[PDB]
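With PDB, C-alpha atoms inside, this is protein_9.pdb:
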ATOM      1  CA  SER W   1     -59.532 -94.834-155.466  1.00  0.00           C
ATOM      2  CA  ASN W   2     -60.366 -91.870-153.231  1.00  0.00           C
ATOM      3  CA  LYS W   3     -62.936 -89.087-153.577  1.00  0.00           C
ATOM      4  CA  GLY W   4     -60.224 -86.674-152.472  1.00  0.00           C
ATOM      5  CA  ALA W   5     -57.945 -87.013-155.491  1.00  0.00           C
ATOM      6  CA  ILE W   6     -60.772 -86.602-158.006  1.00  0.00           C
ATOM      7  CA  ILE W   7     -61.469 -83.104-156.683  1.00  0.00           C
ATOM      8  CA  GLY W   8     -57.792 -82.269-156.266  1.00  0.00           C
ATOM      9  CA  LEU W   9     -57.077 -82.518-159.988  1.00  0.00           C
ATOM     10  CA  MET W  10     -60.549 -81.237-160.894  1.00  0.00           C
ATOM     11  CA  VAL W  11     -59.566 -77.690-159.945  1.00  0.00           C
ATOM     12  CA  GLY W  12     -56.664 -78.057-162.362  1.00  0.00           C
ATOM     13  CA  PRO W  13     -58.476 -76.545-165.390  1.00  0.00           C
ATOM     14  CA  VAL W  14     -60.051 -74.196-162.847  1.00  0.00           C
ATOM     15  CA  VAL W  15     -56.731 -72.672-161.769  1.00  0.00           C
ATOM     16  CA  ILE W  16     -55.435 -72.320-165.329  1.00  0.00           C
ATOM     17  CA  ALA W  17     -58.811 -71.022-166.511  1.00  0.00           C
ATOM     18  CA  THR W  18     -57.449 -67.508-165.979  1.00  0.00           C
ATOM     19  CA  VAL W  19     -54.936 -67.533-168.838  1.00  0.00           C
ATOM     20  CA  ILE W  20     -57.741 -68.975-170.953  1.00  0.00           C
ATOM     21  CA  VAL W  21     -60.357 -66.313-170.171  1.00  0.00           C
ATOM     22  CA  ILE W  22     -57.850 -63.476-170.597  1.00  0.00           C
ATOM     23  CA  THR W  23     -57.477 -64.382-174.274  1.00  0.00           C
ATOM     24  CA  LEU W  24     -61.146 -63.573-174.869  1.00  0.00           C
ATOM     25  CA  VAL W  25     -60.664 -60.254-173.088  1.00  0.00           C
ATOM     26  CA  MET W  26     -57.942 -59.069-175.468  1.00  0.00           C
ATOM     27  CA  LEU W  27     -59.999 -60.266-178.437  1.00  0.00           C
ATOM     28  CA  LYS W  28     -63.077 -58.597-176.951  1.00  0.00           C
ATOM     29  CA  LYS W  29     -61.726 -55.248-178.150  1.00  0.00           C
ATOM     30  CA  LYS W  30     -59.485 -56.428-180.990  1.00  0.00           C
TER      31      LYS W  30
END
Representation of the structure as structure tokens:
Amino acid sequence: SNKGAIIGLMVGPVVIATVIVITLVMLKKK
């Protein structure tokens, strides 16, 4: 019920976005 927790977990997919974007990098060449 706080506007502080909503943003705390929001960055979740933002922190793990790395491992997700790297996949496209390897496929970019292969």
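Between CA of residue 20 (chain W) and CA of residue 4 (chain W) the separation is 25.7 Å.
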Please indicate the distance in Å from CA of residue 19 (chain W) to CA of residue 7 (chain W), rounded to one decimal place.
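So the two atoms, CA of residue 19 (chain W) and CA of residue 7 (chain W), lie 20.8 Å apart.
We find CA of residue 2 (chain W) and CA of residue 17 (chain W) to be spaced 24.8 Å apart.
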With N, CA, C and O atoms as the target, complete region 12-27 of chain W and hand it back as a compact mmCIF listing (two decimals), in the frame of the given file.
# COMPACT_ATOMS: atom_id res chain seq x y z
N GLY W 12 -57.76 -78.32 -161.45
CA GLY W 12 -56.66 -78.06 -162.36
C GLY W 12 -57.05 -77.07 -163.44
O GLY W 12 -56.50 -75.97 -163.51
N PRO W 13 -58.01 -77.43 -164.32
CA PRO W 13 -58.48 -76.54 -165.39
C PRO W 13 -59.13 -75.29 -164.83
O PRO W 13 -59.36 -74.32 -165.55
N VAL W 14 -59.42 -75.32 -163.53
CA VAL W 14 -60.05 -74.20 -162.85
C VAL W 14 -59.02 -73.14 -162.46
O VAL W 14 -59.31 -71.94 -162.45
N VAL W 15 -57.80 -73.58 -162.15
CA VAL W 15 -56.73 -72.67 -161.77
C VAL W 15 -56.09 -72.04 -163.00
O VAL W 15 -55.65 -70.89 -162.96
N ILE W 16 -56.03 -72.80 -164.09
CA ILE W 16 -55.44 -72.32 -165.33
C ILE W 16 -56.49 -71.68 -166.23
O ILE W 16 -56.19 -71.27 -167.35
N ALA W 17 -57.72 -71.61 -165.75
CA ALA W 17 -58.81 -71.02 -166.51
C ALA W 17 -58.56 -69.54 -166.75
O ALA W 17 -59.08 -68.96 -167.71
N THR W 18 -57.77 -68.93 -165.88
CA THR W 18 -57.45 -67.51 -165.98
C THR W 18 -56.81 -67.17 -167.33
O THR W 18 -57.35 -66.39 -168.10
N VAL W 19 -55.65 -67.77 -167.60
CA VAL W 19 -54.94 -67.53 -168.84
C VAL W 19 -55.81 -67.80 -170.06
O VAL W 19 -55.56 -67.27 -171.14
N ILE W 20 -56.84 -68.62 -169.87
CA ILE W 20 -57.74 -68.97 -170.95
C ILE W 20 -58.84 -67.93 -171.16
O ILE W 20 -59.25 -67.68 -172.30
N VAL W 21 -59.31 -67.32 -170.08
CA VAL W 21 -60.36 -66.31 -170.17
C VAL W 21 -59.78 -64.95 -170.57
O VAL W 21 -60.49 -64.13 -171.16
N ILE W 22 -58.51 -64.73 -170.26
CA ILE W 22 -57.85 -63.48 -170.60
C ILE W 22 -57.75 -63.30 -172.11
O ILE W 22 -57.82 -62.18 -172.62
N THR W 23 -57.59 -64.41 -172.82
CA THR W 23 -57.48 -64.38 -174.27
C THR W 23 -58.72 -63.77 -174.91
O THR W 23 -58.62 -63.01 -175.87
N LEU W 24 -59.88 -64.10 -174.36
CA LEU W 24 -61.15 -63.57 -174.87
C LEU W 24 -61.29 -62.09 -174.56
O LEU W 24 -61.99 -61.36 -175.26
N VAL W 25 -60.62 -61.65 -173.50
CA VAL W 25 -60.66 -60.25 -173.09
C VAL W 25 -59.92 -59.37 -174.08
O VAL W 25 -60.40 -58.29 -174.45
N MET W 26 -58.75 -59.82 -174.51
CA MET W 26 -57.94 -59.07 -175.47
C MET W 26 -58.61 -59.06 -176.84
O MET W 26 -58.50 -58.09 -177.59
N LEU W 27 -59.30 -60.15 -177.16
CA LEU W 27 -60.00 -60.27 -178.44
C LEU W 27 -61.34 -59.54 -178.38
O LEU W 27 -61.93 -59.22 -179.41
